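Undergrad: Got a sequence here, can you model it:
(chains A, B and C)
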Amino acid sequence: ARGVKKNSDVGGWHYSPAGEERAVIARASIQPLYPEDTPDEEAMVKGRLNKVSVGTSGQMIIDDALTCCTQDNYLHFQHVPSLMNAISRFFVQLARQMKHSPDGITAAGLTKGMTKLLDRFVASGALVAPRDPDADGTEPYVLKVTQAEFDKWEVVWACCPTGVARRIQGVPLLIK
Amino acid sequence: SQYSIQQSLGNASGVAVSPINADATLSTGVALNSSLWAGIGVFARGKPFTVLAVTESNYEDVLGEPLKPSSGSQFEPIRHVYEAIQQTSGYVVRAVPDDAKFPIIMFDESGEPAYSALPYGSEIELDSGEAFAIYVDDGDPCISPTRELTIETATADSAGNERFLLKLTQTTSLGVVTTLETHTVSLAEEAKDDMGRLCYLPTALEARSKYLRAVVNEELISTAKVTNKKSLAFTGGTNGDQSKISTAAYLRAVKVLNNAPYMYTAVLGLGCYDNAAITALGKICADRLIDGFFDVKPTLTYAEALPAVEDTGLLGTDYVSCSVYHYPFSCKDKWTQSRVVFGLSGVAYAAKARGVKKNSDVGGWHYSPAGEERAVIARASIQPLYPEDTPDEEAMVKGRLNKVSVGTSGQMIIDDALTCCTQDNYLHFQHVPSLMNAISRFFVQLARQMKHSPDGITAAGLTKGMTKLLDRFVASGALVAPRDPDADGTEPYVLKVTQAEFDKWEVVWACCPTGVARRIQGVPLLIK
Amino acid sequence: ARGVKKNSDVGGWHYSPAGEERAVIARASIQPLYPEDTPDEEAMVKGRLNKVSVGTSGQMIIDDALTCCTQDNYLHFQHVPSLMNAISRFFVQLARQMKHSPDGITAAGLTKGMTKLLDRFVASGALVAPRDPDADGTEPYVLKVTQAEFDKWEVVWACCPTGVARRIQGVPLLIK
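TA: Numbers count the residues shown, from 1 in each chain, chains lettered A, B, ... in the order given. Below you will find the coordinate block:
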């Protein structure tokens, strides 16, 4: 909730619930239950289980953004499904606005509304240019609206999410 | 604990530091891409007989660690590359002896590894058994450091195809283990990763990986299986002896360099001293309208240096854009802190690249690679080889051989701009052929832009484009008014475009170059 | 197809499929197969085999417009047979429009239609005045329509194509 309030137009859904800034436990005098036992990071991550760590001020934080997806594609992070669901919900609202209308104005209105919404999301930093330029082009979003029969309008849109910068690996070395 | 800091990153979200290393150095830089150099050479690592790309950041990785002066005389090209890498990118091509071999690991149907090695060039074939084999292609012998292969099973796909994660790790001599990169591969013909990318072993390795390649038999792959293996290390990789290389290898490397489809406006000797290789390079630079910066063996004394240039075969009226340098001095190496001797192509190209970056529209090609401002040697504690011997300025100039001198700050410089033209006209200087070649290249670009067009617009377009290009060059100071006013008029450039037949448009242009102010003669006198 | 879409009335058939403007290969990271081997331009053109070259932006192009005619007349270029075939196809359409009709209106209709089509083509720049004035006159097209019998109308037309400006020869020289 603290992350979603940074933006005002559509809300900062692309933020992850982690880090010093937002997720702070800060209850009181935290003490572990079983000191002898030790965790296992790799096996725990294999089981899709988020862990807690310690921040700068001594107040523990929530240092993970793992969802419950077993597949190892992009939507196994936390913010990507949230972004996709936010876009889907806004599209559902817009479609509900344009229901039960006579033919002639549905196609153009649907196209312009979808384009406006995708542009609004792009301006918020949620969507970035594709990391693979030659195959995916250089368009953050792609839109296509088609009609099937007397009814059954079909709308398909594609987009690219943003990175998280989860893991960082330093390496000091003496210059002597 | 939540306060602990691991050593090597796995898959969990965390920040880790590595153990404090001592025997490693780093360098940073941003490429400029104003004029790209190229040239053959001999190094460790790198794919042989294929043009690479070298910048100021990855030159320590793609081109391998520096060689050793003790191990023969194969340490020249890396020093030359480092000298000229601090100005722009590069397109070096590596050549290896015939006895150089690369490691290969081959697997049976049951999954039993079988170490082996093979020489370069020859393709890899599989016998009746031994379903698939995986081999390195970077060319590193994997002896220092060592690279190990680790295979672990993973989850199957929707179609039921088996998939196993493949991990390549590098082990240092001390004992520290570093993971290079891992990917999920499968032996099935049509296995697809969950994100849509392919997972067939040859395609997967040849698509995203950068270190290994694999070949798969097309008859045993259907029933082939794998197992779990730990620390499969390559053995038998060895590049042979780099000191002795046949001229045929150099010729093949030069021929490969000639066909590389990239812009490069200068070819460097890069320590190549064979006469045939230098002649082939000279043929190269006179075909693409560029300028070479070759040299001769620094160990030669002043007496026999002059016949060497004629022995090269560069001298004449055809290889007009090249240049030859000599440097019989011993410096202190930057890496091993030893007394080593190497050539002078790198500094000459560095001076040329620094000169060409002054202007921005068309580049300052009309600057000569000399003087305090641009060409500075500045390696370390320069000391001559043979103090007793003395040069001869006039005879050496007669042989078209550039010399070095001392500067104001005690750092030696390159005090010449002599090309390899025997005729005594204006184009025997260095900057005049460079200017002419730059104008010719720009005209070639403009003409290629105006090809295969219907009649009516060719003449006017050609005339206006040529005129605007010549005007742009005049505004840069490259061209000046003629020194002979009554005979040549007072127009820095003259242009004429004509049509011959259905085809064969002909364009002729004339121009006047600028002076250099090479020689200066002072004369004091007492007024008493 | 890029060339034929410039003009709109009859289409720019007189453009050659070459040059920086239209023909750009531009796939990805092009690398040669056999670096050691080198081509032979003269033998290759003798064999009627178009070649590829490199453009200004680093993207290779199609730098040839050679057809498969062994004879060394004008029909061994690419755009001339295309122009002639376009004119022939349009004439075929015109003739099919003027079929199975009673006498008295065939000759005038055929003549006026053929002349209008040739005028439309010369106005597009496809046809130019003859390069040799004294022998060929100064008419870009010549037309003659004749009747043979109860049937078998015969129509003959002549025209002159345009140049391509394929080869260009520069020659710098120092004015000292």
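
Undergrad: What is the neighbour count of the spatially closest residue to residue A:14 that is not a sequence neighbour?
TA: On the basis of C-beta to C-beta, 6 or more residues apart in numbering or on different chains, the spatially nearest residue to residue A:14 that is not a chain neighbour turns out to be residue A:126, at 4.2 Å. Yep, even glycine has a C-beta here, placed from its N, CA and C like the rest. Residue A:126 is surrounded by 26 other residues when neighbours are defined as other C-beta atoms under 10 Å in any protein chain shown.

Undergrad: ok, now the one 4 residues further on?
TA: Neighbour count of residue A:130, defined by other C-beta under 10 Å: 16.

Undergrad: Break down chain A into its strands, ranges please.
TA: In chain order, chain A shows strands spanning A:52-54, A:60-62, A:141-147, A:153-159, A:168-169, with DSSP state E as the criterion.

Undergrad: now the end-to-end length of stretch A:26-35.
TA: The straight-line separation of the ends of stretch A:26-35 (C-alpha to C-alpha, to the nearest Å) is 20 Å.

Undergrad: cool, stretch A:152-169 as well?
TA: Using C-alpha to C-alpha, the gap from the first to the last residue of stretch A:152-169 comes to 51 Å.

Undergrad: show me where chain A has helices.
TA: A:19-22, A:41-46, A:79-97, A:106-123, A:133-136 (DSSP state H).

Undergrad: Need the winner for burial among the strands of chain A.
TA: Most buried of those by mean neighbour count (mean count of other C-beta atoms under 10 Å in any protein chain shown) is strand A:60-62; its value is a mean of 19.

Undergrad: Could you please name the strands that strand pairs with and the direction of each pair?
TA: Applying DSSP bridges to the sheet, strand A:60-62 is found paired with strand A:52-54 (antiparallel).

Undergrad: Show residues contacting the strand it pairs with.
TA: Strand A:52-54 is contacted by residues A:25, A:60-63, B:2-3, B:14 when judged by C-beta atoms under 8 Å, 6 or more residues apart in numbering or on different chains.

Undergrad: what about it, distance to the chain center?
TA: The chain centre lies 22 Å from the centre of strand A:52-54; the measure is C-alpha atoms, centre = their mean, to the nearest Å.

Undergrad: before we move on, what about stretch A:89-103?
TA: The answer for stretch A:89-103 is 24 Å, by C-alpha atoms, centre = their mean.

Undergrad: Can I get that stretch in PDB, CA atoms only?
TA: Listed in PDB are the C-alpha atoms of stretch A:89-103, where the atom choice follows Å, rounded to 0.1, in the frame of the first residue of the first chain:
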ATOM      1  CA  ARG A  89      -8.700  -4.400 -14.500                       C
ATOM      2  CA  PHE A  90      -8.400  -1.000 -16.100                       C
ATOM      3  CA  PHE A  91      -9.200  -2.600 -19.500                       C
ATOM      4  CA  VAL A  92     -12.200  -4.300 -17.900                       C
ATOM      5  CA  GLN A  93     -13.500  -1.000 -16.600                       C
ATOM      6  CA  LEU A  94     -13.000   0.600 -20.000                       C
ATOM      7  CA  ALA A  95     -14.800  -2.200 -21.800                       C
ATOM      8  CA  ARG A  96     -17.700  -2.100 -19.300                       C
ATOM      9  CA  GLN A  97     -18.000   1.600 -20.200                       C
ATOM     10  CA  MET A  98     -18.400   0.700 -23.900                       C
ATOM     11  CA  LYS A  99     -20.900  -2.100 -23.700                       C
ATOM     12  CA  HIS A 100     -24.300  -2.400 -25.400                       C
ATOM     13  CA  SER A 101     -23.600   0.200 -28.100                       C
ATOM     14  CA  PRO A 102     -24.700   0.300 -31.800                       C
ATOM     15  CA  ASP A 103     -22.200  -0.500 -34.500                       C
END
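
Undergrad: Which positions within it qualify as buried?
TA: A:90-91, A:94 (16 or more other C-beta atoms under 10 Å in any protein chain shown).

Undergrad: do the same with stretch A:105-121
TA: In terms of neighbour count (16+ other C-beta under 10 Å), stretch A:105-121 has its buried residues at A:110, A:113-114, A:117-118, A:121.

Undergrad: Quote the end-to-end distance of stretch A:168-176.
TA: Its first and final residues considered, stretch A:168-176 spans 25 Å by C-alpha to C-alpha.

Undergrad: which ones are touching the closest residue to residue A:97 other than its chain neighbours?
TA: Here the nearest residue to residue A:97 in space, its sequence neighbours aside, is residue A:113; by C-beta to C-beta, 6+ apart that works out to 7.9 Å. Going by C-beta under 8 Å, 6+ apart, residue A:113 touches A:94, A:97-98.

Undergrad: rewinding a little: which single one of the buried residues of stretch A:105-121 is nearest to chain C?
TA: residue A:118 (27.6 Å; C-beta to the nearest C-beta).

Undergrad: nearest residue to the closest one other than its sequence neighbours?
TA: residue A:141 (4.4 Å).

Undergrad: need the contact list for that neighbour.
TA: Here residue A:141 is in contact with A:118, A:122, A:127, A:157-160 (criterion: C-beta under 8 Å, 6+ apart).

Undergrad: 7 Å - rerun?
TA: A:118, A:122, A:127, A:157-159 (C-beta atoms under 7 Å, 6 or more residues apart in numbering or on different chains).

Undergrad: Check residue A:146 too.
TA: residue A:154.

Undergrad: How many neighbouring residues does the residue of chain A found nearest chain C have?
TA: Taking C-beta to the nearest C-beta, chain C has its nearest neighbour within chain A at residue A:134, 5.2 Å off. Around residue A:134 sit 11 other residues, with neighbours defined as other C-beta under 10 Å.

Undergrad: Same check on residue A:49?
TA: Residue A:49 is flanked by 12 other residues according to other C-beta under 10 Å.

Undergrad: for chain C, what are the nearby residues on chain A?
TA: Taking C-beta under 7 Å from any C-beta of the partner chain as the contact definition, chain A meets chain C at residue A:134.

Undergrad: Kindly recompute the last result at 10 Å.
TA: Proximity of chain A to chain C (C-beta under 10 Å from any C-beta of the partner chain) is limited to residues A:133-135.
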